[PDB]
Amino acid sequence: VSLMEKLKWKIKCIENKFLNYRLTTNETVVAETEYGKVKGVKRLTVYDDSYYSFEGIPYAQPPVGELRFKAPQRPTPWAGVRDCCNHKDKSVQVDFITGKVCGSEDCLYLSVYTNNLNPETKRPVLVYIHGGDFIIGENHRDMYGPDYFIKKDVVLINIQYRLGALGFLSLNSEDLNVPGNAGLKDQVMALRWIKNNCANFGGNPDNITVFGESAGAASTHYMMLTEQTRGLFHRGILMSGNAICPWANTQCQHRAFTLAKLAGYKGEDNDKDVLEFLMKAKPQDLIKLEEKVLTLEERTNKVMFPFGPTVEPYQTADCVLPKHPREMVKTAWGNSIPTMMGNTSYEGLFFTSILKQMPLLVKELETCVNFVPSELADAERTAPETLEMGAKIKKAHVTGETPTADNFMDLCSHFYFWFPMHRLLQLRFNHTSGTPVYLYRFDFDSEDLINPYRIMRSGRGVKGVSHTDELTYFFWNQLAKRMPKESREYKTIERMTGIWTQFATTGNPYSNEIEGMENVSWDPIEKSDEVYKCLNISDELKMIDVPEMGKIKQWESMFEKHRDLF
């Protein structure tokens, strides 16, 4: 990121402190939890709404010392009133703007927001699990402000969880108790806390909705698949991701050794010596070196990050993913709750930046062999079946003789999002009956209101609706501003928070109190449907055949001779 963008950002951080102070009131309030009393504070929004904010509620013990890399443990209660008027730190990560490591190992907190602590009936509870590819992200209100959702009579809860190697180290050695998925277990513990405390803030414990974008969508899906959480909630929304995306799963058991060697470990490769070195390293060193972990072959095969959700190599009381995610889908409790999924209209525009720095990536479309699903491709990607499968992808996305940047981004929308969504819908349809799933397509472009991911993807000036572009209409962030009530941006905020709030309430996202949705009727997807229908959300709200469908079928035709793997 440029020095100019670094200065703008710093300035915005400073402005934000002042905006935050102005928006804070002297009305404090105390609420009860299973663990003790917490003190929150009422705050305003730039729309002159107001809400009670409780931040820094621990849902687990600080995962430090011998707790590093282990399943989270329940937090220790207190008497007195814990101060929750301030935010806690974020999980240790590289700051996307400054490129310096920030955060702290002491990051297992959640934040609770609502326009009314004593409503007359228990309200729908919405739980946001943030994205950031399992390596960045936070619940700070400078990027995930509840300002818009608190117009609605809901309780909104934003969680943190362990990221990177500290959340996702995995070791085969059973004696060590580092099976993997610590960060997802953080998520489970947070959802247990919410279940058992949401009533104290006016929330209905029998009507919880979990939602997330990108890796938060994968996370939400995982919360719908694991037995650890059976029955804990009642709706799920998967925004631009799910647990069977190729980026959402990795076998990272050999990678802890590599990480340790990068950090200076001297010795042989066994799990115990490797863990002991890692248990004593400074956390920022681990996180800083993590970008060097993956090999050239791994990157070429599109393994996105060294550490993430994995198949745990042995069972424990706290195991979250005992099998591959596909196999988990077959028996998932969450298959039986109302579900909404969707994507943006030009997801792969996100990768503009990566294309800038590596223009030769476009030549991967000459044969598209690097985009064939790794379960079907040979190791060197030189087999004749692999060239054939690559030709399906090429014919779907390469529009002229020579591939372009756009063809590459369009193919990416599919590889990363539309194709795994299709695999999931069909897989799910065969291992459930009845419970509806609804689709949306987010297709509203503006550069008047943005979020910080735009600075990360170097998308200033770039037309089309990228991965992350919808977040802007759900959450306040420090680059936002008060928009006129008549603005198309403002209307999109109301439509988005409105639809999400409707679905959370009844499990059906249709309502005719939402403007633009009067000549609409929003049917769920049926197992027999050959073409998917979605609510396309742009300046107009309109049901349409998913425009991506034709390409989706073409990707599917790569499994012609291996139907059992699709």
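From 1 onward, residues are counted along the sequence shown.
> Please compare 514 to 522 with 38 to 46 and say which has the higher mean C-alpha temperature factor in the record.
On average, C-alpha B-factors are higher across 514 to 522.
> Mean C-alpha B-factor higher for 339 to 347, or for 203 to 211?
Here the higher of the two C-alpha B-factor means belongs to 203 to 211.
> Whose C-alpha has the highest temperature factor in the PDB entry: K122, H414, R162, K292?
Answer, based on the entry's C-alpha B-factors: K122.
> Looking at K88, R255, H467, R141, which has the highest CA B-factor as recorded?
Of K88, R255, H467, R141, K88 has the highest C-alpha B-factor.
> Compare the C-alpha B factor of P77 with those of the other modelled residues in its chain, then answer lowest, middle or highest third.
Its C-alpha B-factor belongs to the highest third of this chain's values.
> For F149, does the deposited CA B-factor place it in the lowest, middle or highest third of the chain?
Tercile = middle for this residue's CA B-factor.
> Give the position of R192 by CA B-factor within its chain, expressed as the lowest, middle or highest third.
Its C-alpha B-factor, which the entry lists for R192, ranks in the middle third among residues of this chain.
> State the tercile, meaning the lowest, middle or highest third, of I97 with respect to the CA B-factors recorded for its chain.
CA B-factor rank for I97: highest third.
> Looking at the entry's B-factor column for C-alpha atoms only, identify whether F307 ranks in the lowest, middle or highest third of its chain.
For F307, whose C-alpha B-factor we compare with every modelled residue in the chain, the answer is the lowest third.
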